[PDB]
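Have a look at the structure below before the remarks.
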RNA sequence: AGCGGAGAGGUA
DNA sequence: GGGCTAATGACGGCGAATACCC
DNA sequence: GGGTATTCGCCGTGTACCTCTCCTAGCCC
Ligand SMILES: [Mg+2]
Ligand SMILES: [Zn+2]
Ligand SMILES: [Zn+2]
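Residue numbers (PDB author numbering), protein chains in the order written: chain C, 1286 to 1382; chain D, 1 to 147, 156 to 316, 321 to 558, 563 to 849, 860 to 933, 950 to 1024, 1139 to 1371; chain E, 6 to 38, 46 to 76.
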């Protein structure tokens, strides 16, 4: 199976998993190490932030591909925001300085 | 519910920051973070679908459930923004506001946090100078604290209140510990505990005093108040973070945190009502204890009482553990533009390209198809283009074939071990529903074709295509990162045809004639006028490189080796291919083609070699049957002779002469001898089976059987697999450790009974269990080895130090394991013996081989003078790429993937053998009474010397051993010169550095041997010194103690035999014998298994292991604290250059484990991602540390570029 | 990919140079002789260096 | 109408 | 049937806490 | 006083995929 645009979750803005309900294949933990062993930060940042996790980059990259221009915007994912909002609910102050 | 105009709001957040700071939370910060309080626990109202007012899912506190709408419907338009209502006040904002802000709970009674109490370094016990059980009894309403600090029950409280007359107040619960944390002044307490550490000199009291002083110093430096451990206002999670998922039929799925929140709110409301209604004190204490247990179960469930048949998760369970957020949604996330298939081998494609199904290519490159249809003008809108795509016209396939011509994709098998698991190919459009792959690629993937799946990934940015083409294409990953051998090795189908093609026989048709060139051979082979193999004399042309110098000579070879001479490049001579193409021979040929020729010609040579092997394997037509597998003729006679022998042995045992153990030992000995004789007879009757004639006279030659060709050519089983198919398989083992007495006197060709099958099942299932456990332990060791060393990158081009190591080819007393040619290749020398600071290629090691060198000073990566990594000149030569190591390539992850990869495969008299002389080093001989030579030493080294200048073997000389010869005497082979009379947990034990079972006690320092002192329950061992006193310690009385009284101990010898501890050998001499011992033991383990791993991947790990150091004098920092080498060296040079002449003190190195080095780091994000998240978060909460953001994991977690590889100039221009 | 190893010593500098070259051909620049293969051929032909890329970038910033 | 967690089986 | 209403079949390694003979 | 000797408690145990069912429940009319 294959997919390009699918459904997203509510906790973290990520695609689902499985052949049913249009779920993308999970990028493993060791695959990130195999990518970082080659270096290649541009194909590791584009396959982690603007592909799945960003709520604005996932639309901006699609708009740039359909239109024709090439100008990407890097930003923090939504999962780190969910993690810091979960840490802040434990009476532990954590601010992005 | 649905928003449309919010989708185009681009460039709303920048998120430009430098550091990450974490500290404690003030109650005013919690009161200002929230937007309201909650008082009624109700998350979903029944009989109507509306959020409950002031509940868990509320609208007046968090926000609206519908976007740009309110609850009632008074304001239901986008023109009204920021206008709240009067009956239900909801801010008419975006739907994103339900995830950012949160709520709080006003508690009438205080409650303490469980992370600062139930943790093993308890901070409250260090602050109040009390134990854990006393504060456990006090905080849970079972004792009393007066206000100096003591445990006090209720009868002591009443007898004190009867005599104090309401003048001695004592509180119980959270109020007492709150007043004790409030009323203390840490500024005077620091000086008071400084006087306490100036007075008390006990060692554990010193450790507790430095711990309390460091905690008070961190608390005063961070500015956090000690009263912030206990809390009054408890915040809650935002309602968008957890969903209320409905089920089929209008139901609702249960949750874990919502029930705990409703329980907390219910207990708080009951406690508030009991406090307002003036309840008696015992039920107020019971309600406060119940609220304390409920909050302690909410913060960390399962640590105190495990409040439920399945314990639900909490705020500490969905972060720490396997299903936590750090290992599920931070490191590895599910991405789009992906998909799996089933692999299928395809031989009609090159190694730089791969196959791809048409529907997968249409579904993956669909936005590119939309952009091409918009650019060509065949479809106006994307909806019409999508309908034309799903209608499946003929122009859609033309657009799909045109859009991906040189656009690379990524391929990745889902179980990956090393760094070559992700490669890039240029896909082509084929039919079917299976991805076609090159056969030479699957050697690196280790992917069998029994239904394996791999997931593809599509790089879609402008830079990711260049990053996948320049350094991830299959034509660039030729050499393995482990060793210098290339991964392009012909597999089981190619090397069989190449071995059938490149051999010869005695007499075939078409021999004896002279050919012109390779074209005449190809013109005479296809019309079947000559044989495939015949002793002919051909003439070939080959150039010579120094530069191109052509030359024409004559040679005598076969027809197949002459046909192989048309596909090899011109840089290779014919002498490297005239031998029969075996596995190691063709590996040496591929390495010699890659060494001194280039890359693209080696790539096209490996392309044509597989096609030649396929075209000759389809012409050979090899087949194994029941006639090709032969049995030995004397096998039945040897079996009957062994049967008569074991019958005579059993008769002599049952007659009453020999005991059962020695009879069983001699039975299995003669059965192993019979199995070896049967294997030798089977090899003799298989290898020398075929006979031929040469001019009438018969001659012997190598046989051309089906099994013998597959055995001798490689890419199959060893000689044991041929022994199990021809002769007896020997003696099988038992699971408890013993050997079965009865043998298996039948091969797989003959029939087998149930007894030997049941015996073989024991050895069959244990191998499967061992491979499963080895795979699990290999995955765990790979994860730990990745997470221990991930910051070492190539930063500079030179360090400046010239310390280096001493590289020597190690021997054990027999054949060599590795020569000097295999150990020094690819390194940088330290001093001249060959100039210094140079790179040793394959020619320089051959030039220094004949120079009779013994040990070369080589700069290794365990001694460098760089900051936050190592430099390029110290690491040496890369193993993956043949050139020098570039600036910006990480070497820790490559070394970890190289070490963790072969883990799933892993589970009296000295007679010489060489001919030469004998050398004497580290030995001392005394004159014997008979005129002979006897050596006296604690540990001797008897080494030999060959004619070339290298040592062949090295033996040991014990105390009083008599050597037959002297130094320089010529000793031949088979002579006796000695005369004296008497696993993967092992790999993990060196990385974790645990204590052994019987640790070897080493000496203190270089001192003379003294007499044994008197015992007082343990043995005392004294040592005589020159000027100082005697250093004595204890000894275990259970094991044997061998200390010589009238002798002399050298600088760091041993007194108890056994395996020594790494901490003792680090404390004794330094880091060089520890590094040599670790690399030697790991190399002996990996050579006993059979996988070669280069030494620098172990040197990087043992350099990262030795990072924390300690000091013995407090100059500017503390005393018992352990810091890194870099910061201590910087502050030492600062104090020596700016402050005074020689201000700081000397540092001493200490060793830590891999987990102990992964936990106690400088930062806190990467250390709280794999193990012990609660302890690291508790330590970072009271320290108030600031993350410097320099690593290869924390940039992945945050989301910026990593500072290794392509993203290096970004970090260079950022600072 | 094999010819570009001799003109530059660093592979990551080659990747960043081809990335800086790829941002110009998308907006429209007449080539020297897919933009990736054309940029790699322009690099391997010993025609495009770090000075000419800066010159075209300055001309684009001035003619923006 | 999209989103959740458990239990069992199977391939690599 | 109904509608709101609230177990004992894991195993190894490491750090603190009494505590017992000296 | 004091310096270890058991002893209790905390920490953890590979990756990815495919299919199926079953969940908050209960209680006196
Ligand atoms: Mg397989
Ligand atoms: Zn309203
Ligand atoms: Zn160095």
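Each residue gets a CB set at the ideal place from its N, CA and C atoms; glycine is no exception.
**Request:** Report the option in 663(D), 565(D), 492(D) and 706(D) whose CA atom is closest to the CA atom of residue 603(D).
**Result:** 492(D)
**Prompt:** Is the beta carbon of residue 1274(D) less than 8 Å from the beta carbon of residue 215(D)?
**Reply:** no
**Prompt:** Touch check for the segment 423 to 442 of chain D and the segment 905 to 923 of chain D: three-plus C-beta pairs under 8 Å?
**Reply:** yes
**Asked** Do the segment 776 to 786 of chain D and the segment 743 to 754 of chain D meet, that is, are 3 or more Cβ pairs less than 8 Å apart?
**Response** yes
**Request:** Would you tell me roughly how many angstroms separate the C-alpha atoms of residue 424(D) and residue 416(D), rounded to the nearest one?
**Result:** 20 Å
**Asked** residue 817(D) lies in the alpha helix (DSSP H); which residues open and close that run?
**Response** First-last for residue 817(D): undefined, no H or E at that position.
**Request:** Pick helix, strand or coil for residue 340(D), following the three-state DSSP scheme.
**Result:** coil
**Message:** Given 7 Å as the limit, tell me if residue 58(D) has its C-beta closer than that to any heavy atom belonging to ligand 2.
**Reply:** no
**Request:** For the alpha helix (DSSP H) containing residue 289(D), list its first residue and its last residue.
**Result:** 289 to 307
**Prompt:** Is the CB-CB distance between residue 65(D) and residue 36(D) below 8 Å?
**Reply:** no
**Request:** Name the two residues that bound the continuous beta strand (DSSP E) containing residue 572(D).
**Result:** 565 to 573
**Asked** Cβ atoms of residue 905(D) and residue 607(D): under 8 Å apart, would you say?
**Response** no
**Asked** For residue 812(D), which option in 895(D), 1238(D), 786(D) and 848(D) has the closest C-alpha, if you only look at C-alpha atoms?
**Response** 895(D)
**Request:** Might you give, ordered along the chain, the residues of its own chain that have their beta carbon closer than 6 Å to the beta carbon of residue 977(D), omitting 5 neighbours on each side?
**Result:** 965, 967, 999, 1003 and 1005
**Prompt:** Between residue 459(D) and ligand 5, is the CB less than 7 Å from at least one heavy atom?
**Reply:** Questions concerning ligand 5 fall outside what the structure shown contains, since the ligands it does hold are ligand 1, ligand 2 and ligand 3.
**Request:** Please report the residue range of the beta strand (DSSP E) in which residue 692(D) lies.
**Result:** Per DSSP, residue 692(D) belongs to no beta strand (DSSP E); it is in the alpha helix (DSSP H), 676 to 703.
**Message:** Tell me which residues share the same chain as residue 727(D) and place their Cβ nearer than 6 Å to its Cβ, disregarding the 5 neighbours each side in the sequence.
**Reply:** 738
**Request:** Report the neighbours of residue 488(D) on chain E: residues whose CB is nearer than 7 Å to its CB, in chain order.
**Result:** 6
**Prompt:** By a C-beta neighbour count over all protein chains shown, 10 Å radius and 16 as the cutoff for buried, is residue 228(D) buried or exposed?
**Reply:** exposed
**Asked** Mind checking whether residue 545(D) and residue 516(D) have CB atoms under 8 Å apart?
**Response** yes
**Request:** Quick one: grab the DSSP three-state call for residue 1245(D).
**Result:** helix
**Item:** Span separating the alpha-carbon of residue 412(D) from that of residue 47(E)
**Value:** 18 Å
**Secondary structure of residue 34(E), DSSP reduced to three states** = coil
**Message:** Just to check my reading of the structure: residue 1178(D) and residue 1162(D) have Cβ atoms closer than 8 Å, yes? What is that Cβ distance to the nearest angstrom?
**Reply:** Not quite, the Cβ-Cβ distance comes to about 15 Å (not below 8 Å), so this is no contact.
**Request:** Rank 1320(D), 1284(D) and 508(D) by C-alpha distance to the C-alpha of residue 1303(D) and give the top, closest one.
**Result:** 1284(D)
**Prompt:** So what's residue 1366(C) in DSSP terms, helix, strand or just coil?
**Reply:** helix
**Request:** Please report how far the alpha carbon of residue 575(D) lies from the alpha carbon of residue 435(D), in whole angstroms.
**Result:** 38 Å
**Item:** Under 8 Å (Cβ pairs) to chain E, residues found in the segment 1341 to 1370 of chain C
**Value:** 1353, 1354 and 1355
**Asked** So which of 790(D), 707(D), 308(D) and 247(D) has the shortest CA-CA distance to residue 99(D)?
**Response** 247(D)
**chain C contact for residue 28(E) (CB, 8 Å cutoff)** = yes
**Message:** Cβ closer than 8 Å: which chain C residues qualify as neighbours of residue 31(E)?
**Reply:** 1353, 1354 and 1355
**Message:** Looking at chain E, is there any beta carbon in it that lies within less than 8 Å of the beta carbon of residue 1324(C)?
**Reply:** yes
**Request:** Measuring only between beta-carbons, confirm whether residue 1306(C) sits less than 8 Å from chain D.
**Result:** no
**Prompt:** Which runs of the beta strand (DSSP E) spanning at least 3 residues fall entirely within the segment 696 to 765 of chain D, listed in chain order?
**Reply:** 707 to 710 and 713 to 716
**Item:** Interface flag, residue 74(D) vs chain C, CB-CB below 8 Å
**Value:** no
**Message:** With the cut-off set at 8 Å, would you say residue 1314(D) and residue 1349(D) are in Cβ contact?
**Reply:** no
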